[PDB]
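Engineer: My structure is below; once you've seen it, I'll send some questions.
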Amino acid sequence: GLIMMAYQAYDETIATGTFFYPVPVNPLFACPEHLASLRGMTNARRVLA
Amino acid sequence: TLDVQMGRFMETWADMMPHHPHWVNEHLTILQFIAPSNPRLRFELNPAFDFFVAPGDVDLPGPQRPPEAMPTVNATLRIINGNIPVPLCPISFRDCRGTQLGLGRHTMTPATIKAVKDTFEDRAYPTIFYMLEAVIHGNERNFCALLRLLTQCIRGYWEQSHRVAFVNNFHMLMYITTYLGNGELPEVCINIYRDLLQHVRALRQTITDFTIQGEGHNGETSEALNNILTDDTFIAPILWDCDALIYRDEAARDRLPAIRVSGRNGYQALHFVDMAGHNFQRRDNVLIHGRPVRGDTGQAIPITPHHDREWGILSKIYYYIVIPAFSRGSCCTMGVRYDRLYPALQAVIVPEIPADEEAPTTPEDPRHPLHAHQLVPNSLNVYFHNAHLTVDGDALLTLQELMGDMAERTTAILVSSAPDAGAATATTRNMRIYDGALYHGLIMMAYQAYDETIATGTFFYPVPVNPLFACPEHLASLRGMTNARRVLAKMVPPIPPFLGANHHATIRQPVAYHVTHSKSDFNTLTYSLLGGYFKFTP
Amino acid sequence: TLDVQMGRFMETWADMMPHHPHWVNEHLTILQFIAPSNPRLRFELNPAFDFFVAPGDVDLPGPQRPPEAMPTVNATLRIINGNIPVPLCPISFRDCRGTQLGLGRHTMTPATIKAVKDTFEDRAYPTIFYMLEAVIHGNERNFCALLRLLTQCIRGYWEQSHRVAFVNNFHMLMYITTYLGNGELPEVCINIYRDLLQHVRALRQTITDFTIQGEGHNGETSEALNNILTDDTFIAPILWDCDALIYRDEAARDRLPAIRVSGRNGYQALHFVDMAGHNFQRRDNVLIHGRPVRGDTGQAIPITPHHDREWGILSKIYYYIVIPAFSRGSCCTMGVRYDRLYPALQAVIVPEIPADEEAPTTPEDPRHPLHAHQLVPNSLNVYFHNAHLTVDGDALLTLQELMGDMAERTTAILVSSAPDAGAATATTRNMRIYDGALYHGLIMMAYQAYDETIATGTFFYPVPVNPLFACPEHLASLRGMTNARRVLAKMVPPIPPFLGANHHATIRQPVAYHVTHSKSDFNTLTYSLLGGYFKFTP
Amino acid sequence: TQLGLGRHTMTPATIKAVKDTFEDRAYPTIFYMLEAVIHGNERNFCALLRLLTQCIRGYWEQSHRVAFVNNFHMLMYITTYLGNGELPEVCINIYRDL
Amino acid sequence: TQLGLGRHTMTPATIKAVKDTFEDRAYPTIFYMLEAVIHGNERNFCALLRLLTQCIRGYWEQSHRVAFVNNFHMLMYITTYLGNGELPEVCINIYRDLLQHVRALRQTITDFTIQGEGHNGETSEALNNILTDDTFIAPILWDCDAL
Amino acid sequence: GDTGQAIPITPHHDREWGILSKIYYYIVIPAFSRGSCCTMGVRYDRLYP
Amino acid sequence: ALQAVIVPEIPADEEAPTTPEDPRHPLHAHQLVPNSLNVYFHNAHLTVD
Amino acid sequence: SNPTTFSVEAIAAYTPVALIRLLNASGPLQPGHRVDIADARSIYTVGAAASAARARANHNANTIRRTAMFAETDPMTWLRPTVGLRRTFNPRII
Amino acid sequence: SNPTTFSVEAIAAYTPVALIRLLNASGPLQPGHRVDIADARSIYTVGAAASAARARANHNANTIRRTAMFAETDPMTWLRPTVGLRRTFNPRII
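This is the structure we're talking about:
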């Protein structure tokens, strides 16, 4: 796996989620912001995430 | 339209006003609204109702020529705090929220509020990267693909005097610091957007820490009821990229409607008016869109926000957040105009060179382009030939990657906004909140005043409402006459009719003129503002 | 006509009285308010009625020559009370109103203000440019044709150590500040110029937050209510660009005769020295007005405000603001007569800037104009280099594509300023309160006269004039006589009394002693100049 | 605070550079790609010394931010191999400090 | 200390350099000879400006010492002509802070007098102080004007 | 002027010469030298040649 | 996407280019073809050989 | 170009407007004669910008054509991801 | 030029005054002779002004004609106002 230091949402040389997808396993490494990389993320799921 | 009933506007604001100012009261210490026997208090009242001015409710929006007789008693709405009435206290309490809110979200030093003293105080500003900013303005566009013109803006142009451009507007930098972080730029123009990067993303650490995960309420994005930073009733003058007015029109479940466009109407969410539209004197209000990706180009595709539901509203709070008070407030605004800036820069200045002789460096010659027989009066040679900002060969000539994207601007819609779940007890159906917004401008405020270019004029005009970004020395640019808008407008400047009133909701004269008498700090002044909007709900 | 002015105005100030007795004291400490050696009290008991001796109300004004003294009784209002009459005082409580009246927005530090301490103390002043700014008489439509000579001058006059340029008196910084804050240098001069107007520009921010405006019934000057800083028509010590004739006969409905300009009827509006000039050897008059680039012919082009009512209170707003006290007082002002720049400045010898190429900088060896192949004495050139530098091709062969403001000398319009209106008293009427002006001369700090590079009898002359400077050192004017005026009254030096008597032209002598006695904080005597003499008028 | 009374501490320069780079969103996706594909193999890493040296020597003396600080089996390899002078003086100091 | 509570003071650079010159024992005799031959005659000084420029620049920008400070007619003509740009930063600025201190002292003489008492063709200054008394003459004279 | 013979002598500089020269020589010089400097006359007959 | 490298064919007895301004450099204008590794490295401007 | 014949402004004017180097707008005008005007302006708009697009043809001898520009289909995308050439190179082909 | 014939100062003198390299005013004078004098100074004026106004002739082979300095009408202004130069370019036509 990999760890991304910080997430930018708006980067367009790589379409979102082209190479990496969020798989967070720790309370330490939770990422309410990285979940935009997930394919098919709606309003409710992230804002509840 | 906006040229006539207009500025001859004050005149018929003299069927009207020289009796100076009553609840005008906004400036001293604790006493000329807490001592004993006075004409104007029977008004500023209740924790219900929120009374204000108007006639015997001649109905309210519409026509032009009204009567005068006979009427009633009151209320009418508003939605902040930062603002409990006028003198309970003379330094401590907010730039107080500037010595008790931020501790080890820590303290300061020479180099980044370096980036602070010489980009918002004194007297030295531009005009044709003015042009280049509308070679700039906001949604995606295919200018997403090239480098060298501002490349050499740099190459001559930090070396100027500690004070250069672009720090009030709201599109100069997005998808760039989305893609490339490794190879163009140094380390005292390279370290002042990252280290002041993640403590307003540690302000991401400072407006979703101190509350609450466990229990929420009534279906508006989130936990929306909210308050004054985070839910589903703040969209706005927000007139940069794409998410929020139909944020007013594709999130679900409350009440019963109306609006205006100060125009006409029908709504479809179609698009592509086509080549037959450069469009410079006539009559319509339907919304442009222009090229889609995971959309798809042409004529059709569906219309949802450009991008998601975290950034563009990012626009809109810290919007209700830190520039003027930066600026000495030195600045101010107006409107502008569109057939000179519309074209003498899209061809005739590239002709025939004897080109292709080796790499170009340093400025003294009969070559590189700003010179002595391709400018004399009458068109396009002293704001991209005044000021030696000097450039390169490929960005500003050629004709099939900047023709593309031009012009159809600013017709526009008049709100009925609805703060969140806090009007359900029988107050406010038609007790609507207009609260007011933009729809197609530019970005200036600059006192290129004593400045012998803009000769008291020609091109551009005024368009004047919201109630923060305004400006003190005015009476110098809109006219027709001798001594007008000031000697009846000296303390909170001259007011309008129609876009939703600086009145009719939550806004008066609010960060300018109460510490326009106590400006604690660079900074303590800056710990309460990221705290500045309280209230009284469940 | 102005010189044997010398001859018949001091030699009837010919033979000296036997004790100069009761008004011009100046130097001791305190409780000499309190046991008189010395006078100041029977023309001293309360100011507001205070009632001089008073010859014949004198039918003021007429011609020159003398009788002996009869007065009436009394009235005229020293509306003043705050260096209040006096003689018991020290320097804690009003450099005081400058250190408790003012709390927190933009204040000073190491490089650039006690900077302001190691450029404003030299006595040997230079010679071209402070006369470049009379080739012309002060520009909106003449200053736009030039850039190279003046300012490239102190490019070179840069290159040895830290001796920055173009600041103190107003003439070098805001119209043509409002776009040259530049870049091809290295480094510290302008950019912080631009740090030289926004600090005090916190003026603009520190006398329009105390007032009550719109105070008008008939619609007054509140621009004569709360800070006579702000209104138009006062015109501070020493005289600048065009609006005179139209702020005292096109402001409102109660104004009534008394005015002068040397001679006969008023002034009548014929027109302006341009291509139709021999008025250089003849007797008194002409009053020139303006001739724009956007102009075409006609007969009188018409009445309305020039520039108008802003640029009037902030620039002429270092007249109250900056120079003689961290100075300790060097700037010394005079008017002119206009011939060693308006009839004599020649000599014509160079070859062309060589044929058809470039122009870089560095200084070495023989062929040239600023080379003595054109410098023995007679032109402008050997004249020119006492110091260490170079020159060029289009900016000095100049004198033949801008100059032509030749001229005569140093005019003016005498008149009597007008009633305080409703606080009230009038019916003793005929004795009005004049107040002055003057419009083509110079000012000067300290220079060199025991003596080895510069002349006498062509282009300079004393003046002691407009009161807030203190100049001890112009010991060198006008010879053939006794020992009279430097070791008999170091009490009393020269003035005359009518363009104003600083009795009738009453500006202060504050900075005088305490700028020959005041020092703890490098900026606190400024604190003695913005709360010293305001209006409490009524 | 009690535990770390006399123990080793991080000099402020490394704290600042490290804070910027973790904080950073400059971090080019090429760096993530290299970190993923190498996947912490000594033979793979020791093959790409030249390219990685160019990568880091670049990204540092042009933004003063430390790269590859993400994966643990990156700064061990860097400190063990690119420590004798291939990198500038400051960078290896930051890595050694971590 | 009470008199100069705030009169102009000399910045530490000029103090250090002037003191170092005054304590220099290798001070070249050329300066003494030139000051003797010039003898403070202005027509003589203004003729030698190039040579004096070169001499002072050479003496300063090798040992950071100010030259020609002994004679009042010599630091003075320097701080009037060779103070225009022939000489770099600290040289003249040293001359200039020195002379500013001189004028601050003169203004200090003008402090504490009572203008007012000029008896028998004598200023209040010369009745009060001595440095402003015309009868008292300088230790060395270059011109006959003082007499 | 003409140097001449009948033209009488005039001061080169005004009176402030005396005041400034006296202040300098009697304050600034003794303040720095501290009684080490000495005043002497020259031997022109041995200098000019 | 990692298999698209656009290194040119350097002639024998020729020096390897270093600066990215010559056409032989892999990061030069001429050899940036869309959708390769070079567009990644230039979309991060890592001057590599 | 012919015949319309040449923009003198005037209010004819003609849609393109096939010039380079209009030292013409002024130049003299001087001023516009007695016609209605309003557009007028449009005719100058469309055809002047045409006078730009057709004024080129060339400057393509040293470009450096356009690019894929982004990450998006690109009708394959199933055997390689898409990335866009942001053009920091000095596009010259020398 | 001829005949006036040559300014020797004297008080003739003549109106232009069409010389360059005047080692003439001084020169010797020596001094001005026995005439009334006053103007002189102004006949010196309108002529010394010609003395380089005419003496330009050249140095227009390097220029750089003027600009509108500023702009207002500017006989079109309806799609085309201006600004007059400030031209830091170092003007020599080369």
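Protein chains in written order, with the authors' numbering: chain A, 955 to 1003; chain B, 515 to 1052; chain C, 515 to 1052; chain D, 613 to 710; chain E, 613 to 759; chain F, 809 to 857; chain G, 858 to 906; chain H, 10 to 103; chain I, 10 to 103. Ideal placement from N, C-alpha and C gives every residue a C-beta, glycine not left out.
Measuring alpha carbon to alpha carbon, tell me which of C:1044, C:687, C:1048 ends up nearest residue 614 (chain C).
Structural biologist: Residue mapping note: residue 614 (chain C) aligns to position 100 of the third sequence, counting from 1. Residue C:1044 is the option with its Cα nearest to residue 614 (chain C).
Engineer: One question on the structure: do residue 753 (chain E) and residue 836 (chain F) come within less than 8 Å of each other, judged by their Cβ atoms?
Structural biologist: Taking the fifth sequence and counting its residues from 1, one reaches residue 753 (chain E) at position 141. Taking the sixth sequence and counting its residues from 1, one reaches residue 836 (chain F) at position 28. Contact flag unset, no.
Engineer: Measuring CB to CB, does residue 744 (chain C) end up less than 8 Å from residue 721 (chain C)?
Structural biologist: In the third sequence, the residue the question calls residue 744 (chain C) occupies position 230. In the third sequence, the residue the question calls residue 721 (chain C) occupies position 207. Cβ distance < 8 Å, so residue 744 (chain C) and residue 721 (chain C) count as in contact.
Engineer: Which chain G residues sit within Cβ distance under 7 Å of residue 670 (chain D)?
Structural biologist: Counted from its first residue, the fourth sequence places residue 670 (chain D) at position 58. What residue 670 (chain D) touches in chain G: 903, 904.
Engineer: Round the Cβ separation of residue 975 (chain B) and residue 851 (chain B) to the nearest angstrom and send it over; I've been treating them as touching at under 8 Å.
Structural biologist: Residue 975 (chain B) sits at position 461 when you count from the first residue of the second sequence. Residue 851 (chain B) sits at position 337 when you count from the first residue of the second sequence. Yes, they are in contact, since the Cβ atoms of residue 975 (chain B) and residue 851 (chain B) sit about 6 Å apart, within 8 Å.
Engineer: Could you work out which residue in I:55, I:79, I:70 is closest to residue 806 (chain C) when comparing CA atoms only?
Structural biologist: As a working note, residue 806 (chain C) is residue 292 in the third sequence. With distances taken between Cα atoms, residue 806 (chain C) lies closest to I:79.
Engineer: Report the residues of the stretch 659-684 of chain B with a CB closer than 8 Å to any CB of chain C, ordered along the chain.
Structural biologist: Those would be 670, 671, 673, 674, 675, 676, 677, in chain order.
Engineer: The alpha helix (DSSP H) with residue 956 (chain C) in it runs from where to where?
Structural biologist: As a first step, residue 956 (chain C) is located in the third sequence; it is residue number 442 there, counting from the start. From DSSP, residue 956 (chain C) is part of no alpha helix (DSSP H) but of the beta strand (DSSP E) over 956-958.
Engineer: Would you verify that the beta carbon of residue 689 (chain B) is, or is not, closer than 8 Å to some beta carbon of chain A?
Structural biologist: In the second sequence, residue 689 (chain B) corresponds to position 175, counting from 1. It does: the Cβ of residue 689 (chain B) has a partner Cβ on chain A nearer than 8 Å.
Engineer: Can the beta-carbon of residue 905 (chain C) be found less than 8 Å from the beta-carbon of residue 64 (chain I)?
Structural biologist: One-based indexing of the third sequence puts residue 905 (chain C) at position 391. One-based indexing of the ninth sequence puts residue 64 (chain I) at position 55. In this structure, residue 64 (chain I) does not lie closer than 8 Å to residue 905 (chain C) by Cβ.
Engineer: Reducing DSSP to helix, strand and coil, say where residue 702 (chain E) ends up.
Structural biologist: Sequence index remark: in the fifth sequence, residue 702 (chain E) carries index 90 (1-based). Of the three classes helix, strand and coil, the one that applies to residue 702 (chain E) here is helix, per DSSP.
Engineer: If you count every other CB in all the chains shown that lies within 10 Å of the CB of residue 778 (chain C), and 16 or more means buried, which is it?
Structural biologist: Position 264 of the third sequence, counted from the start, is the residue given in the question as residue 778 (chain C). The residue is exposed, with fewer than 16 neighbouring Cβ atoms inside 10 Å.
Engineer: Determine the contact status of residue 566 (chain C) and residue 1010 (chain C), defining contact as a CB-CB distance below 8 Å.
Structural biologist: Walking along the third sequence from the start, residue 566 (chain C) turns up at place 52. Walking along the third sequence from the start, residue 1010 (chain C) turns up at place 496. For residue 566 (chain C) and residue 1010 (chain C), no; Cβs fall outside 8 Å.
Engineer: For residue 735 (chain E), is the classification buried or exposed, using 16 other Cβ atoms within 10 angstroms of its Cβ as the cut-off for buried?
Structural biologist: Working through the fifth sequence from its first residue, we reach residue 735 (chain E) at position 123. Per the 10 Å Cβ criterion, buried.
Engineer: Does residue 622 (chain D) pass the burial test, meaning 16 or more other C-beta atoms within 10 Å, or should it be called exposed?
Structural biologist: Start at 1 with the first residue of the fourth sequence, and residue 622 (chain D) comes out as number 10. With fewer than 16 other Cβ atoms within 10 Å, it is exposed.
Engineer: Would residue 828 (chain B) pass as an interface residue toward chain D - the criterion being a Cβ-Cβ separation below 8 Å?
Structural biologist: For this step, residue 828 (chain B) is matched to residue 314 along the second sequence. No, residue 828 (chain B) lies away from the interface with chain D (no Cβ there is under 8 Å from its Cβ).
Engineer: Please return the same chain residues whose Cβ sits closer than 6 Å to the Cβ of residue 990 (chain A), not counting the five positions on each side in sequence.
Structural biologist: Numbered from 1 along the first sequence, position 36 holds the residue referred to as residue 990 (chain A). Counting only Cβ-Cβ distances below 6 Å, and skipping sequence neighbours, we find 963.
Engineer: I'd like to know if residue 990 (chain C) contacts chain F, where contact means its C-beta is closer than 8 Å to some C-beta of that chain.
Structural biologist: As a working note, residue 990 (chain C) is residue 476 in the third sequence. Output row for residue 990 (chain C): interface = yes.
Engineer: Tell me, please, which residues DSSP counts as bridged to residue 774 (chain B).
Structural biologist: Numbered from 1 along the second sequence, position 260 holds the residue referred to as residue 774 (chain B). DSSP lists B:928 as partners of residue 774 (chain B).
Engineer: Quick check: what's the CA-CA separation for residue 883 (chain G) versus residue 1030 (chain B)?
Structural biologist: Within the seventh sequence, residue 883 (chain G) is the residue found at index 26, counting from 1. Within the second sequence, residue 1030 (chain B) is the residue found at index 516, counting from 1. Roughly 58 Å between the two C-alpha positions.
Engineer: Note down, one range per segment and in chain order, each beta strand (DSSP E) of at least 3 residues found wholly within the stretch 936-986 of chain B.
Structural biologist: Counting only runs of 3 or more, we get nothing.
Engineer: Going by beta-carbon coordinates alone, are residue 714 (chain E) and residue 817 (chain F) separated by less than 8 Å?
Structural biologist: In the fifth sequence, the residue the question calls residue 714 (chain E) occupies position 102. In the sixth sequence, the residue the question calls residue 817 (chain F) occupies position 9. Contact flag unset, no.
Engineer: Rounded to whole angstroms, what is the Cα-Cα separation between residue 758 (chain B) and residue 932 (chain B)?
Structural biologist: Mapped onto the second sequence, residue 758 (chain B) falls at position 244. Mapped onto the second sequence, residue 932 (chain B) falls at position 418. Going by the C-alpha atoms only, they are around 14 Å apart.
Engineer: Would you report the Cα separation of residue 1025 (chain C) and residue 985 (chain C), rounded to the nearest angstrom?
Structural biologist: Here residue 1025 (chain C) is taken as the residue at index 511 of the third sequence, counted from 1. Here residue 985 (chain C) is taken as the residue at index 471 of the third sequence, counted from 1. So the alpha carbons of these two residues sit roughly 11 Å apart.
Engineer: Does residue 667 (chain E) come out as helix, strand or coil in the three-state DSSP assignment?
Structural biologist: Against the fifth sequence, residue 667 (chain E) aligns to sequence position 55. Note: residue 667 (chain E) maps to helix in three-state DSSP.
Engineer: Given that residue 696 (chain B) touches chain G, what residues does it touch there, using C-beta distances under 8 Å?
Structural biologist: As a first step, residue 696 (chain B) must be located in the second sequence, where it is residue number 182. Within chain G, the residues near residue 696 (chain B) are 901, 902, 903.
Engineer: Got a sec? Which residues, its chain only, sit under 8 Å from residue 993 (chain A) by beta carbon, not counting five neighbours each side?
Structural biologist: For the purposes of this step, residue 993 (chain A) is taken as the residue at position 39 of the first sequence. Same-chain partners within the cutoff: 971, 975.
Engineer: Expressed to the nearest angstrom, what Euclidean distance is found between the alpha-carbon atoms of residue 1046 (chain B) and residue 875 (chain C)?
Structural biologist: As a working note, residue 1046 (chain B) is residue 532 in the second sequence. As a working note, residue 875 (chain C) is residue 361 in the third sequence. If you take the alpha carbons of residue 1046 (chain B) and residue 875 (chain C), they lie about 56 Å apart.
Engineer: Counting only runs that start and end within the stretch 551-635 of chain C, where is the alpha helix (DSSP H) found for 4 or more residues in a row?
Structural biologist: Runs of the alpha helix (DSSP H) inside the stretch 551-635 of chain C: 608-614.
Engineer: Can you name the start and end residues of the beta strand (DSSP E) that residue 846 (chain B) belongs to?
Structural biologist: By one-based count along the second sequence, residue 846 (chain B) stands at place 332. From DSSP, residue 846 (chain B) is part of no beta strand (DSSP E); its letter is neither H nor E.
Engineer: From the DSSP output, read off the bridge partner residues of residue 848 (chain C).
Structural biologist: Translated into the one-based positions of the third sequence, residue 848 (chain C) becomes position 334. The partner list for residue 848 (chain C) (beta bridge, DSSP) reads C:956.
Engineer: Under 8 Å between C-beta atoms, does residue 751 (chain E) make it to chain F?
Structural biologist: On the fifth sequence, position 139 is the one that residue 751 (chain E) refers to. Chain F contact via Cβ: present.
Engineer: Kindly indicate which three-state DSSP category residue 773 (chain C) falls into: helix, strand or coil?
Structural biologist: Within the third sequence, residue 773 (chain C) is the residue found at index 259, counting from 1. Note: residue 773 (chain C) maps to strand in three-state DSSP.
Engineer: Okay, do the stretch 935-943 of chain C and the stretch 527-542 of chain C touch, 3+ Cβ pairs below 8 Å being the bar?
Structural biologist: Short answer: they don't touch.
Engineer: Judging by CA-CA distance, which residue of C:730, C:665, C:804, C:925 is the nearest neighbour of residue 950 (chain C)?
Structural biologist: Translated into positions along the third sequence, residue 950 (chain C) becomes position 436. Checking every option, the nearest Cα to that of residue 950 (chain C) belongs to C:925.
Engineer: Quick one: what does DSSP say residue 649 (chain D) is sitting in, helix, strand or coil?
Structural biologist: Looking up residue 649 (chain D) in the fourth sequence gives position 37. In this structure, residue 649 (chain D) counts as helix in the three-state DSSP scheme.
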